[PDB]
């Protein structure tokens, strides 16, 4: 079971320094943004990372939320990434959740993070280029040192 500890404002970037954002169709996308662009698109680029206590510790348990039309929380339900209209809850009864990800620092860096699905072991949050768009997806670790599943969390310490 999970218990909410705190919620903090953060900006998420891939290894190309492209910042994670919610577009008009509520799609989690990645694009090149200066500190100016990032500031002008603030409700769509500022994410709420909520930290949870876990009765079965196996990585920093987190939810990822954003304020658009309403508070939306990131879900990997049926191994598909989407933002569902809900607040990060105070308590989660199971040992697995479609909105709970395990945040881990990549041994290569103190900056680089990875987000593994609690409900789908071996599946990670990833940036994948589809046509001319950089999309937030859920995938199995394709290879060792895969940069597509690595991110930076800017919470300014």
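Residue numbers count along the first chain shown, from 1.
*Asks:* Using the B-factors recorded in the PDB entry, average over the C-alpha atoms of 11 to 19 and of 139 to 147, then report which stretch comes out higher.
*Replies:* It is 139 to 147 that shows the higher mean C-alpha B-factor.
*Asks:* When the C-alpha temperature factors are averaged for each of 34 to 42 and 119 to 127, which stretch ends up with the higher value in the entry?
*Replies:* The stretch with the larger mean CA B-factor is 34 to 42.
*Asks:* If you check the C-alpha B-factor for each of 69, 98, 90, 54 in the entry, which is highest?
*Replies:* Among 69, 98, 90, 54, the PDB entry lists the largest C-alpha B-factor for 69.
*Asks:* Sorting the chain's CA B-factors, does residue 111 end up in the lowest, middle or highest third?
*Replies:* It belongs to the highest third of the chain when residues are ordered by C-alpha B-factor.
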